[PDB]
Amino acid sequence: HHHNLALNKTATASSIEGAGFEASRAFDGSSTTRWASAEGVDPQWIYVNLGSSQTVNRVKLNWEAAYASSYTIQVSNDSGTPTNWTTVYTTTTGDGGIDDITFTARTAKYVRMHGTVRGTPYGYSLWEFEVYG
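For this coordinate set, the PDB header names X-ray crystallography as the determination method and states a resolution of 1.20 Å.

As recorded in the PDB entry, the chain goes by the name Glucanase/chitosanase, listed as coming from Paenibacillus fukuinensis.

Here it is in structure tokens:
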């Protein structure tokens, strides 16, 4: 059925704004909660542990106002903490809102949004981050 493989999975971020903006909130299946990073500092990132190696070919991002204009989507099939990342998508012209990206299929345990340039003077923040295969 090609469901969202990332729903309810454990997430990790480079920073969070505070309590209530945990990385997990991008993976809870709701646009009423969001991850938000610390503000004012580049880069920031968030990744999900899919639990196991899975086929992945698509990522959907639902940005809050604090979107990334430069970011990559990256995957890792390391078993432990991910250190070996392959970029599958790059932009320097992100525009926020919904971003939905399809790529040639990979096997990944971890899927990351790594952001380097912000569209606002604040941080990086995602309502939702979905992963499909």
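Having seen it, we continue.
**Comments concerning the overall build of the chain**
Each helix and strand counted, the chain has 0 helices and 7 strands in total. The C-alpha radius of gyration computed for the chain amounts to 13 Å, which stays within 12% of the reference 14 Å derived for 133 residues, consistent with globular compactness. Its C-alpha atoms put the chain at 35 × 30 × 30 Å along the principal axes. Looking at the chain residue by residue over its 133 residues, the buried ones come to 47%. With the model as given, the accessible surface of the chain reaches about 6,200 Å², and the carbon-plus-sulfur share is 47%. Averaging the positions of the 9 positive and the 12 negative side-chain charges in the chain gives two centres separated by 7 Å.

**Section: the packing of aromatic side chains**
For the structure shown, the criterion picks out 6 aromatic pairs. Between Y47 and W85, the ring centres sit 5.7 Å apart and the planes meet at 50°, which makes this aromatic pair tilted. Of this pair, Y47 sits in strand β3 (residues 44-63) while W85 is found in the loop between β4 (68-76) and β5 (86-91), placing the two residues 38 residues apart along the sequence. The exposure class assigned to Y47 is buried, which follows from its relative accessible area of 11%. Ring centres of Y71 and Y89 lie 5.9 Å apart, and the angle between their planes is 50°; this geometry places the pair in the tilted category. One end of the pair, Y71, is in strand β4; the other, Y89, is in strand β5, with 18 residues separating them in the sequence.

**Points about the environment of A65**
For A65, the position within the fold is in the loop between β3 and β4. Linking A65 and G123, residues 58 residues apart in sequence, is a C-alpha distance of 9.5 Å.

**Remarks on the nonpolar core**
Residues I46, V111, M113 and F129 are the most contacted members of the largest nonpolar core, which totals 29 residues. Those elements giving two or more residues to this core turn out to be β1 (10-13), β3, β4, β6 (98-118) and β7 (125-132). With 7 residues, the single largest contributor to this core is β3. Dropping the residues within four chain positions of it, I46 is found in contact with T12, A13, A23, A26, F27, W35, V111, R112, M113, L126 and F129.

**Let's talk about the pattern of salt bridges**
Considering all chains together, one arrives at 4 salt bridges under this definition. Among the salt bridges present, the one from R25 reaches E22, with a minimum N-O distance of 2.9 Å. A relative accessible area of 27% means that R25 is categorised as partly exposed. Ionic pairing is found between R34 and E64, a salt bridge with its closest N-O pair at 3.6 Å. Pair noted here: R34 is in the loop between β1 and β2 (35-36) and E64 is in the loop between β3 and β4, with a separation of 30 residues, a long-range link. With respect to burial, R34 and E64 carry one shared label: buried.

What counts, and where the lines are drawn
Residues numbered from 1 in each chain as written, not as in the entry; some residues may be left out. Heavy atoms only, no water. Helix = DSSP H or I, 4+ residues; strand = E, 2+ residues; numbered from the N terminus. Rg over C-alpha atoms; globule rule 2.2 N^0.38 Å. Buried < 20%, exposed > 50% of the residue type's maximum accessible area, 1.4 Å probe, protein only. Areas by Shrake-Rupley, 256 points an atom, 1.4 Å probe, with all protein chains shown as cover. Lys, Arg positive; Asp, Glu negative; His and termini not counted. Charge placed at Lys NZ, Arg CZ, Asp CG, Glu CD. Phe/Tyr/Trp six-rings, centres within 6.5 Å; stacked < 30°, edge-to-face > 60°. Core = buried A, V, L, I, M, F, W, Y, C linked by side-chain atoms within 4.5 Å. Contact = heavy atoms within 4.5 Å. Salt bridge = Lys/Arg side-chain N within 4 Å of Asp/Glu carboxyl O.

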